[PDB]
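S.K.: Just passing along the structure, written as structure tokens.
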Amino acid sequence: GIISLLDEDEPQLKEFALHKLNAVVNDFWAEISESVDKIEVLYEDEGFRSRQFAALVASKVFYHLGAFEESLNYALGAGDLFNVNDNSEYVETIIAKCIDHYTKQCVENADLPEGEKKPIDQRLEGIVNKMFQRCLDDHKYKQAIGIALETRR
Amino acid sequence: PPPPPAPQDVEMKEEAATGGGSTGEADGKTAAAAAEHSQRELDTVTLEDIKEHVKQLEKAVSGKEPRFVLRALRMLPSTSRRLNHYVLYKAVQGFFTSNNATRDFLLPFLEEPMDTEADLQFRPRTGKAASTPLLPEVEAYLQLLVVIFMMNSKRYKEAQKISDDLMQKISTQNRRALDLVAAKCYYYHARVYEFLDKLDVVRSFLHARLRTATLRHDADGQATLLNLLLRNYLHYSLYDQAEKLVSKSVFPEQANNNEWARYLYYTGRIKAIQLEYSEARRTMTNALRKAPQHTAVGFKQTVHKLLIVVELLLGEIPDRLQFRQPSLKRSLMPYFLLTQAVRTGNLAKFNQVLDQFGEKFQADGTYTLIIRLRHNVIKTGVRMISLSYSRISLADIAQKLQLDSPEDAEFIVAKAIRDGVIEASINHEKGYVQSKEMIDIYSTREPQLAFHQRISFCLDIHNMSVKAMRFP
Amino acid sequence: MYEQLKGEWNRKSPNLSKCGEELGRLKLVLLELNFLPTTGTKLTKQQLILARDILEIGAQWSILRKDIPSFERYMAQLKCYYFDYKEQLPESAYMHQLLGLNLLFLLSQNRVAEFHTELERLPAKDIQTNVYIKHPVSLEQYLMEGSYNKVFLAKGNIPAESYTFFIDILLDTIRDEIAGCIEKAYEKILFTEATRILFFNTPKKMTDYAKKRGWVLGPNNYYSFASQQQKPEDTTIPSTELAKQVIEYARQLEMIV
Amino acid sequence: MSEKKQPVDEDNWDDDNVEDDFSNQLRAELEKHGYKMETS
């Protein structure tokens, strides 16, 4: 009952519940999974300025619940701290599936003549031009030509 | 000195087929699972659980683990001579003096076949190297210089999670060996971490350990870690049981065939303790008929003392005397008498057995039995008598079953209609039920309605036989 | 330290918004500390022992102000206070009946599985003592035993630190279940059965019961309907839909062998 | 765990217990429990 402690509509108590989210989410993966609609309320509210974090633990409990297209949608809503991490279980898999979506998107739009594409949403391309720089600065451009294969572009 | 040749022999037979055998069954094999020495090695784990493992004492102290942990090297084909080095060191126990190099000297020994050479690529040699020495140690929990080494040795098995999720630059399918070990030993984890207290960060170890077996290796992890999670929330209080109510993904191929049995028993206890009769008792039934053999005494007996408690709460229960081990008889002395108090309609007996063995009912720890067991008395009486007579009066059943008034009997009839046992009305003046049984109800189409599920169920089993034909 | 938190200590109702001024003060307690991720060193938790006590007193306000989101909110506070991993706390004062409150609120809202985890979280203190728990659970057995008059025997002494709203909603869960169970599989009743099972002789609430559900107010007589069951035959043809079962089922016999 | 000497080794049940609770009793016994009426 950690989400019923949120009847206050200011985001500053959502900050303290989020405080609970960075601590005991794994013990509360049951508990968060009924909260999803209110997390939707956290994502639909633009005045809730921690909506990046709403998409973060949204894609954590969707990552646990096995939503992955919605872990992709709120993987996109997570913001800029998304791509920079080097976690070996969560973030490299959801950018493996996110960039899987990017490369099937570039195959789909590579088959789609003269634009009319699904746009690059505002949190793409980060580990593209970051881990791509790791592979340029590895001086092994087999990965760097690997993305060029993966985009057909 | 003549008995320790038997662990000398069976030890070498273990890492022969397992080390060389399952490593040879792991180099390029296992389209699904060609590593039959995985399951063979687990059968030798059961052999080490039947027998003493290797060197708990064995007339000496600490012989095999300083010996065999070295010198694998995975090199040029004179590494069978390294196995000859393994074999020809057995004049130390036979001729020489044995010495203490376990539980204290294992801490570099676990590094030693890694410090012989960059030994080999596959992680089942490493989990073999941190399991097959260390799993012989977990079963001596005399809580004195032996549970801290279970603790630390399973910190090395936490380094086998670390050397499980971060090995083969991702997705060589040695979990289909290693989760075959990381089932068993992880239970030992939640044994030894719960030999002292509740585990709270091993909860998280279990959580992320469930998350790594999500999709890339959904093989033997999710169900066994699911058991650890279930018995975690079960040994602890009832708060996180809505997890399966929202994250019902509890369905593997059910390979272990006992894991699925006792697992469905465990969620049978879950739905039992929430509130359920029918689904609960039919997975008590299904897990009961999936109870493997009589090859482990007591573990079916006490668990089946706990199995039929919801059927004790049905009111329609027979007395388990053919289930009764006579060693269980002295422990079912409350329990024989408990179901004796169930079928007897006495009230002073009903509170007299509870009064007599509330301590054993605390050992049960499931006092939802007593909050609805008096209710089960009145439902058994109304089921029996309502089953018997078409038009009984409520005064007939009432002041026979000591109800002393017509109106609470009308409340019994009311909540019996509400619970839906019989279509008993009341010749409504002051009570005095006018009612009926229910025959000439129907008997012909209604069975062949069920035969859709009988024989659609049969064609289910048919295609289970066709897919069973897909095996060789 | 931070004495102005005790500004609403013993009077409990000057106003509703002065308690909201205390909600601003407790909101300052929220901005400054937030007890629930606070790990240890239980002297930063002693003003949180005060916060436990005055959010018990805020729960007293929530039952006082009839606010059900505030009652479940402060009740979930009191739930999280015992959940906190420093369980080694001073003895909570209202601990015997706050669990009762939600439970009787549970009994107000007709739960089926939260009742048994209420039976699971603290079993040992239910039979031996704690009449704020011991009385509603044997009482709740006596509800499902078949006594609606054990209600009125219980309400002889049921105030129980404002356990008056919840026993009024208990009267509600009497009367709407009468609105279920007045003619469930019955022949009929008469006015004196509406004097027994219903009470308060005749309000316009039982006259409403004769004029809300589609009721036949017979002349000193009562009927659900003229038939009470509304002519069950449901198809008069059970066969053709079973031929649709023959359609997909016969298809299922094909494609396999 | 089978580590001992051992590896050589409602229908009518709840009613076999009550029916084994009244074992020498008068559950039926018509001509006894029925015609003790008019014997005196």
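Scheme for the structure tokens: letters A, B, ... for chains in order shown; per-chain residue numbers from 1; ligand numbers from 1 in order shown.
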Please provide the set of residues having any atom within 12 Å of residue A:24, restricted to only C-alpha atoms, with same-chain residues fewer than 3 positions apart removed, written as a list in words.

M.R.: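 Skipping anything fewer than 3 positions along the chain leaves residues 2, 17, 18, 19, 20, 21, 27, 28, 29, 30, 31, 32 and 57 of chain A; 200, 201, 203, 204 and 207 of chain B; 36, 37, 83, 84 and 85 of chain C.
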
S.K.: Skipping near chain neighbours, those fewer than 5 positions away, what residues fall within 10 Å of stretch 14-24 of chain D using only C-alpha atoms, listed as a PDB file with C-alpha atoms, in the first residue's frame?

M.R.:
ATOM      1  CA  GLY B 315     -16.808 -31.177   5.252  1.00  0.00           C
ATOM      2  CA  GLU B 316     -16.698 -34.016   2.729  1.00  0.00           C
ATOM      3  CA  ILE B 317     -13.423 -35.625   3.840  1.00  0.00           C
ATOM      4  CA  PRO B 318     -12.405 -39.270   4.526  1.00  0.00           C
ATOM      5  CA  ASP B 319      -9.875 -40.231   7.223  1.00  0.00           C
ATOM      6  CA  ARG B 320      -6.336 -40.750   5.924  1.00  0.00           C
ATOM      7  CA  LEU B 321      -5.288 -44.035   7.526  1.00  0.00           C
ATOM      8  CA  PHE B 336      -6.771 -38.244  13.332  1.00  0.00           C
ATOM      9  CA  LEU B 337      -8.710 -36.795  16.251  1.00  0.00           C
ATOM     10  CA  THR B 339     -10.974 -35.150  11.484  1.00  0.00           C
ATOM     11  CA  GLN B 340     -12.730 -37.215  14.159  1.00  0.00           C
ATOM     12  CA  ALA B 341     -13.946 -33.880  15.510  1.00  0.00           C
ATOM     13  CA  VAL B 342     -14.817 -32.884  11.943  1.00  0.00           C
ATOM     14  CA  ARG B 343     -17.229 -35.722  11.229  1.00  0.00           C
ATOM     15  CA  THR B 344     -18.699 -35.645  14.695  1.00  0.00           C
TER      16      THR B 344
END

S.K.: Using DSSP on the backbone coordinates, identify all residues within stretch 6-100 of chain A classified as alpha helix (DSSP H); present the result as a compact mmCIF listing (two decimals) with N, CA, C and O atoms, in the first residue's frame.

M.R.:
# COMPACT_ATOMS: atom_id res chain seq x y z
N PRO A 11 3.57 16.78 -7.15
CA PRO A 11 4.62 15.80 -7.48
C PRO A 11 5.64 15.59 -6.38
O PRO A 11 6.44 14.65 -6.48
N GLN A 12 5.66 16.44 -5.36
CA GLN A 12 6.65 16.38 -4.29
C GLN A 12 6.45 15.20 -3.35
O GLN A 12 7.42 14.78 -2.71
N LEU A 13 5.24 14.65 -3.25
CA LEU A 13 5.04 13.37 -2.57
C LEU A 13 5.29 12.19 -3.49
O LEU A 13 5.70 11.12 -3.02
N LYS A 14 5.09 12.36 -4.80
CA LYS A 14 5.52 11.38 -5.78
C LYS A 14 7.04 11.24 -5.79
O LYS A 14 7.57 10.19 -6.16
N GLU A 15 7.75 12.30 -5.41
CA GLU A 15 9.19 12.24 -5.24
C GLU A 15 9.59 11.34 -4.08
O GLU A 15 10.63 10.68 -4.13
N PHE A 16 8.78 11.31 -3.03
CA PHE A 16 9.12 10.50 -1.87
C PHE A 16 8.69 9.06 -2.08
O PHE A 16 9.35 8.13 -1.59
N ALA A 17 7.61 8.86 -2.83
CA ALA A 17 7.25 7.52 -3.25
C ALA A 17 8.27 6.98 -4.25
O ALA A 17 8.53 5.77 -4.29
N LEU A 18 8.77 7.87 -5.09
CA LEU A 18 9.82 7.51 -6.03
C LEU A 18 11.04 7.16 -5.18
O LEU A 18 11.83 6.29 -5.53
N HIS A 19 11.18 7.86 -4.05
CA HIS A 19 12.25 7.61 -3.10
C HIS A 19 12.10 6.15 -2.71
O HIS A 19 13.09 5.42 -2.63
N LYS A 20 10.86 5.72 -2.47
CA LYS A 20 10.66 4.31 -2.15
C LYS A 20 10.93 3.42 -3.37
O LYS A 20 11.30 2.25 -3.22
N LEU A 21 10.78 3.97 -4.57
CA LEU A 21 10.92 3.19 -5.80
C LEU A 21 12.38 2.85 -6.09
O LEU A 21 12.68 1.77 -6.62
N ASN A 22 13.29 3.76 -5.78
CA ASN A 22 14.68 3.39 -5.98
C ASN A 22 15.22 2.44 -4.91
O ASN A 22 16.34 1.95 -5.06
N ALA A 23 14.45 2.15 -3.86
CA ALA A 23 14.88 1.25 -2.80
C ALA A 23 14.25 -0.14 -2.90
O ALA A 23 14.96 -1.14 -2.98
N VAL A 24 12.91 -0.21 -2.88
CA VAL A 24 12.25 -1.50 -2.67
C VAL A 24 11.29 -1.89 -3.79
O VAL A 24 10.24 -2.49 -3.53
N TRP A 29 7.37 -5.55 -6.76
CA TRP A 29 7.00 -5.76 -8.16
C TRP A 29 5.57 -6.23 -8.32
O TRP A 29 4.95 -5.98 -9.36
N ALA A 30 5.03 -6.91 -7.31
CA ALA A 30 3.59 -7.11 -7.23
C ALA A 30 2.87 -5.79 -7.10
O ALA A 30 2.00 -5.47 -7.92
N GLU A 31 3.27 -4.99 -6.11
CA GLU A 31 2.64 -3.75 -5.68
C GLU A 31 2.64 -2.69 -6.77
O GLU A 31 1.64 -1.99 -6.95
N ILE A 32 3.73 -2.58 -7.52
CA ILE A 32 3.81 -1.59 -8.59
C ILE A 32 2.93 -1.98 -9.77
O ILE A 32 2.42 -1.10 -10.48
N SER A 33 2.66 -3.27 -9.93
CA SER A 33 2.01 -3.75 -11.14
C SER A 33 0.52 -3.41 -11.15
O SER A 33 -0.11 -3.45 -12.21
N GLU A 34 -0.06 -3.09 -10.00
CA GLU A 34 -1.42 -2.57 -10.03
C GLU A 34 -1.43 -1.06 -10.15
O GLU A 34 -2.46 -0.47 -10.48
N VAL A 36 -0.11 0.74 -12.34
CA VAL A 36 0.32 1.08 -13.70
C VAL A 36 -0.46 2.25 -14.28
O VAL A 36 0.13 3.20 -14.82
N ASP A 37 -1.79 2.23 -14.11
CA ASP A 37 -2.66 3.31 -14.58
C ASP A 37 -2.30 4.65 -13.95
O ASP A 37 -2.26 5.67 -14.65
N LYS A 38 -1.99 4.66 -12.65
CA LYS A 38 -1.53 5.88 -12.02
C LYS A 38 -0.16 6.30 -12.52
O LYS A 38 0.10 7.50 -12.63
N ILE A 39 0.69 5.32 -12.86
CA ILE A 39 1.92 5.62 -13.59
C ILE A 39 1.58 6.23 -14.94
O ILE A 39 2.25 7.17 -15.39
N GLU A 40 0.51 5.73 -15.57
CA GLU A 40 -0.03 6.38 -16.76
C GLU A 40 -0.47 7.80 -16.44
O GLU A 40 -0.19 8.73 -17.21
N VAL A 41 -1.10 7.99 -15.27
CA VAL A 41 -1.45 9.33 -14.80
C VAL A 41 -0.19 10.15 -14.58
O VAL A 41 -0.16 11.36 -14.86
N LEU A 42 0.90 9.50 -14.16
CA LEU A 42 2.16 10.22 -14.01
C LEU A 42 2.77 10.56 -15.37
O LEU A 42 3.47 11.56 -15.51
N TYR A 43 2.49 9.75 -16.39
CA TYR A 43 3.07 10.06 -17.69
C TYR A 43 2.21 11.05 -18.45
O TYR A 43 2.73 11.86 -19.23
N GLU A 44 0.89 11.00 -18.25
CA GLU A 44 0.01 11.93 -18.94
C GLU A 44 0.09 13.33 -18.35
O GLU A 44 -0.21 14.31 -19.04
N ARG A 51 8.20 12.83 -14.87
CA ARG A 51 7.58 11.88 -15.79
C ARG A 51 8.61 11.04 -16.53
O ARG A 51 8.28 9.96 -17.03
N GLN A 52 9.85 11.54 -16.62
CA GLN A 52 10.97 10.72 -17.05
C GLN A 52 11.13 9.52 -16.13
O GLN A 52 11.24 8.39 -16.60
N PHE A 53 11.06 9.74 -14.81
CA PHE A 53 11.17 8.64 -13.87
C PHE A 53 9.93 7.75 -13.91
O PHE A 53 10.03 6.55 -13.65
N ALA A 54 8.77 8.33 -14.22
CA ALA A 54 7.56 7.54 -14.41
C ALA A 54 7.73 6.57 -15.57
O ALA A 54 7.28 5.42 -15.52
N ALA A 55 8.42 7.02 -16.61
CA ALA A 55 8.73 6.12 -17.71
C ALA A 55 9.88 5.17 -17.36
O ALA A 55 9.95 4.07 -17.92
N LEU A 56 10.77 5.58 -16.45
CA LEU A 56 11.83 4.69 -15.97
C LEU A 56 11.28 3.48 -15.24
O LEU A 56 11.40 2.35 -15.72
N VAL A 57 10.65 3.69 -14.08
CA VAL A 57 10.12 2.54 -13.35
C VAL A 57 8.88 1.97 -14.00
O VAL A 57 8.47 0.85 -13.68
N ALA A 58 8.26 2.73 -14.92
CA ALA A 58 7.31 2.13 -15.84
C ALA A 58 7.98 1.04 -16.67
O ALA A 58 7.50 -0.09 -16.69
N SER A 59 9.12 1.32 -17.29
CA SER A 59 9.77 0.28 -18.09
C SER A 59 10.53 -0.73 -17.23
O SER A 59 10.98 -1.76 -17.75
N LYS A 60 10.71 -0.45 -15.94
CA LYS A 60 11.21 -1.45 -15.01
C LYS A 60 10.14 -2.47 -14.68
O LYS A 60 10.38 -3.68 -14.73
N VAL A 61 8.94 -2.00 -14.32
CA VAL A 61 7.90 -2.95 -13.99
C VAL A 61 7.27 -3.53 -15.25
O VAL A 61 6.65 -4.58 -15.19
N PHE A 62 7.43 -2.88 -16.40
CA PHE A 62 7.02 -3.49 -17.65
C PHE A 62 8.09 -4.44 -18.17
O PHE A 62 7.78 -5.45 -18.81
N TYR A 63 9.35 -4.11 -17.88
CA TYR A 63 10.46 -5.03 -18.11
C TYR A 63 10.31 -6.29 -17.27
O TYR A 63 10.67 -7.39 -17.72
N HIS A 64 9.79 -6.15 -16.06
CA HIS A 64 9.49 -7.30 -15.22
C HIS A 64 8.21 -8.00 -15.65
O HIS A 64 8.14 -9.23 -15.67
N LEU A 65 7.20 -7.23 -16.02
CA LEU A 65 5.96 -7.78 -16.54
C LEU A 65 6.06 -8.27 -17.98
O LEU A 65 5.08 -8.80 -18.51
N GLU A 69 7.26 -3.72 -25.93
CA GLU A 69 6.89 -2.59 -26.77
C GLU A 69 6.47 -1.41 -25.92
O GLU A 69 6.70 -0.26 -26.29
N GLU A 70 5.84 -1.68 -24.77
CA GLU A 70 5.55 -0.59 -23.85
C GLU A 70 6.77 -0.24 -23.01
O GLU A 70 6.95 0.93 -22.63
N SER A 71 7.65 -1.22 -22.76
CA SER A 71 8.98 -0.88 -22.27
C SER A 71 9.78 -0.13 -23.31
O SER A 71 10.77 0.52 -22.97
N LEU A 72 9.42 -0.25 -24.59
CA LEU A 72 10.02 0.58 -25.62
C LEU A 72 9.42 1.98 -25.62
O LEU A 72 10.14 2.97 -25.80
N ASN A 73 8.11 2.09 -25.41
CA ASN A 73 7.46 3.40 -25.43
C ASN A 73 7.90 4.24 -24.23
O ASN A 73 8.17 5.44 -24.37
N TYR A 74 7.99 3.62 -23.06
CA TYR A 74 8.47 4.34 -21.89
C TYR A 74 9.97 4.19 -21.71
O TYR A 74 10.55 4.85 -20.85
N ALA A 75 10.60 3.33 -22.50
CA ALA A 75 12.04 3.44 -22.67
C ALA A 75 12.38 4.71 -23.43
O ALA A 75 13.41 5.34 -23.17
N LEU A 76 11.52 5.10 -24.37
CA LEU A 76 11.70 6.38 -25.05
C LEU A 76 11.37 7.54 -24.12
O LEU A 76 12.10 8.53 -24.08
N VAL A 91 19.56 -2.31 -19.15
CA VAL A 91 19.54 -1.23 -20.12
C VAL A 91 20.15 -1.66 -21.44
O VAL A 91 19.67 -1.24 -22.50
N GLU A 92 21.13 -2.57 -21.43
CA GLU A 92 21.70 -3.00 -22.70
C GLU A 92 20.76 -3.93 -23.44
O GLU A 92 20.82 -4.03 -24.67
N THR A 93 19.85 -4.58 -22.72
CA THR A 93 18.84 -5.39 -23.38
C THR A 93 17.73 -4.52 -23.95
O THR A 93 17.23 -4.79 -25.04
N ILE A 94 17.34 -3.48 -23.23
CA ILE A 94 16.23 -2.70 -23.76
C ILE A 94 16.71 -1.71 -24.82
O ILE A 94 15.90 -1.21 -25.60
N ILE A 95 18.01 -1.41 -24.86
CA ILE A 95 18.53 -0.73 -26.04
C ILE A 95 18.90 -1.73 -27.12
O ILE A 95 19.05 -1.35 -28.28
N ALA A 96 19.07 -3.00 -26.77
CA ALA A 96 19.22 -4.01 -27.81
C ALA A 96 17.90 -4.19 -28.54
O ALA A 96 17.87 -4.38 -29.76
N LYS A 97 16.80 -4.10 -27.80
CA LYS A 97 15.48 -4.19 -28.42
C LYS A 97 15.04 -2.85 -28.97
O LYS A 97 14.27 -2.80 -29.94
N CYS A 98 15.50 -1.76 -28.37
CA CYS A 98 15.20 -0.44 -28.89
C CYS A 98 15.91 -0.20 -30.21
O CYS A 98 15.32 0.35 -31.15
N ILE A 99 17.17 -0.60 -30.29
CA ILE A 99 17.93 -0.47 -31.53
C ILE A 99 17.62 -1.61 -32.49
O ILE A 99 17.81 -1.47 -33.70
N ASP A 100 17.09 -2.71 -31.97
CA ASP A 100 16.43 -3.67 -32.85
C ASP A 100 15.23 -3.03 -33.52
O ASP A 100 15.00 -3.22 -34.72

S.K.: Residues of chain B that approach chain C to 10 Å or less, counting only C-alpha atoms: could you list each one with the shortest pair of atoms and its distance in Å to one decimal, rows by chain and increasing residue number, as a tab-separated table?

M.R.:
residue	atom	partner	partner_atom	distance
B:236	CA	C:121	CA	9.4
B:237	CA	C:121	CA	6.0
B:238	CA	C:117	CA	6.0
B:239	CA	C:117	CA	7.7
B:271	CA	C:113	CA	9.8
B:273	CA	C:116	CA	7.4
B:274	CA	C:113	CA	5.2
B:275	CA	C:113	CA	5.9
B:276	CA	C:113	CA	9.5
B:362	CA	C:124	CA	9.5
B:365	CA	C:123	CA	9.0
B:366	CA	C:120	CA	8.5
B:367	CA	C:123	CA	8.1
B:368	CA	C:116	CA	7.3
B:371	CA	C:141	CA	6.7
B:372	CA	C:141	CA	7.6
B:374	CA	C:145	CA	8.4
B:375	CA	C:145	CA	6.4
B:378	CA	C:145	CA	8.5
B:407	CA	C:147	CA	8.8
B:408	CA	C:146	CA	5.8
B:409	CA	C:146	CA	7.9
B:410	CA	C:146	CA	8.5
B:411	CA	C:146	CA	5.1
B:412	CA	C:146	CA	5.9
B:413	CA	C:146	CA	9.3
B:414	CA	C:181	CA	7.3
B:415	CA	C:146	CA	7.5
B:417	CA	C:185	CA	7.0
B:418	CA	C:184	CA	7.9
B:423	CA	C:185	CA	7.1
B:424	CA	C:185	CA	7.5
B:425	CA	C:186	CA	5.2
B:426	CA	C:186	CA	6.4
B:427	CA	C:187	CA	7.1
B:428	CA	C:189	CA	6.5
B:429	CA	C:189	CA	7.9
B:430	CA	C:193	CA	9.1
B:434	CA	C:187	CA	9.4
B:445	CA	C:238	CA	9.3
B:449	CA	C:242	CA	8.6
B:452	CA	C:249	CA	8.4
B:456	CA	C:249	CA	7.8
B:459	CA	C:253	CA	7.8
B:462	CA	C:257	CA	8.0
B:463	CA	C:256	CA	7.4
B:466	CA	C:257	CA	8.0

S.K.: Skip residue A:130 itself and residues of its chain fewer than 3 positions away, then list as JSON, numbers by chain all residues within 12 Å of it, counting only C-alpha atoms.

M.R.: {"A": [83, 84, 85, 86, 124, 125, 126, 127, 133, 134, 135, 136, 137, 144]}

S.K.: Which residues are near residue D:3? Cut-off 12 Å, only C-alpha atoms, ignore same chain within fewer than 6 positions. Put them as a PyMOL selection string.

M.R.: chain B and resi 46-52+295-298

S.K.: Please determine the contact residues of chain B with respect to chain A at a cut-off of 8 Å, counting only C-alpha atoms, and supply them as a PyMOL selection string.

M.R.: chain B and resi 166+203-204+207+211-212+240-244+246-247

S.K.: Please dump the current selection as a PDB file, in the first residue's frame; keep N, CA and C atoms.

M.R.:
ATOM      1  N   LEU B 166      27.514 -13.150 -17.055  1.00  0.00           N
ATOM      2  CA  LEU B 166      28.568 -12.425 -17.746  1.00  0.00           C
ATOM      3  C   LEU B 166      29.555 -13.381 -18.402  1.00  0.00           C
ATOM      4  N   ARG B 203      16.564 -11.757  -1.339  1.00  0.00           N
ATOM      5  CA  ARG B 203      15.351 -11.458  -2.090  1.00  0.00           C
ATOM      6  C   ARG B 203      15.679 -10.749  -3.386  1.00  0.00           C
ATOM      7  N   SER B 204      16.537  -9.735  -3.319  1.00  0.00           N
ATOM      8  CA  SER B 204      16.897  -8.995  -4.518  1.00  0.00           C
ATOM      9  C   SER B 204      17.811  -9.785  -5.442  1.00  0.00           C
ATOM     10  N   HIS B 207      15.592 -11.657  -7.200  1.00  0.00           N
ATOM     11  CA  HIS B 207      14.793 -10.854  -8.116  1.00  0.00           C
ATOM     12  C   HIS B 207      15.509 -10.632  -9.436  1.00  0.00           C
ATOM     13  N   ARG B 211      15.287 -11.999 -13.252  1.00  0.00           N
ATOM     14  CA  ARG B 211      15.238 -11.120 -14.410  1.00  0.00           C
ATOM     15  C   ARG B 211      16.248 -11.512 -15.473  1.00  0.00           C
ATOM     16  N   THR B 212      17.339 -12.164 -15.084  1.00  0.00           N
ATOM     17  CA  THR B 212      18.291 -12.563 -16.109  1.00  0.00           C
ATOM     18  C   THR B 212      17.832 -13.789 -16.881  1.00  0.00           C
ATOM     19  N   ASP B 240       2.801 -10.224  -0.934  1.00  0.00           N
ATOM     20  CA  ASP B 240       3.243 -10.143  -2.320  1.00  0.00           C
ATOM     21  C   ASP B 240       2.659 -11.267  -3.164  1.00  0.00           C
ATOM     22  N   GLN B 241       1.518 -11.774  -2.742  1.00  0.00           N
ATOM     23  CA  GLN B 241       0.887 -12.892  -3.413  1.00  0.00           C
ATOM     24  C   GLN B 241      -0.008 -12.431  -4.542  1.00  0.00           C
ATOM     25  N   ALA B 242      -0.190 -11.120  -4.676  1.00  0.00           N
ATOM     26  CA  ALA B 242      -0.847 -10.579  -5.852  1.00  0.00           C
ATOM     27  C   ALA B 242       0.071 -10.570  -7.064  1.00  0.00           C
ATOM     28  N   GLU B 243       1.352 -10.917  -6.873  1.00  0.00           N
ATOM     29  CA  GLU B 243       2.319 -10.973  -7.963  1.00  0.00           C
ATOM     30  C   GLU B 243       1.881 -11.940  -9.045  1.00  0.00           C
ATOM     31  N   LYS B 244       1.647 -13.195  -8.680  1.00  0.00           N
ATOM     32  CA  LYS B 244       1.149 -14.157  -9.648  1.00  0.00           C
ATOM     33  C   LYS B 244      -0.255 -13.805 -10.102  1.00  0.00           C
ATOM     34  N   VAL B 246      -1.080 -10.915 -10.942  1.00  0.00           N
ATOM     35  CA  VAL B 246      -0.892  -9.988 -12.049  1.00  0.00           C
ATOM     36  C   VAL B 246       0.208 -10.416 -13.016  1.00  0.00           C
ATOM     37  N   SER B 247       1.176 -11.212 -12.579  1.00  0.00           N
ATOM     38  CA  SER B 247       2.317 -11.609 -13.397  1.00  0.00           C
ATOM     39  C   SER B 247       2.320 -13.112 -13.552  1.00  0.00           C
TER      40      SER B 247
END

S.K.: Interatomic distance between atom CA of residue C:206 and atom CA of residue C:151?

M.R.: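 Interatomic distance here is 19.5 Å.
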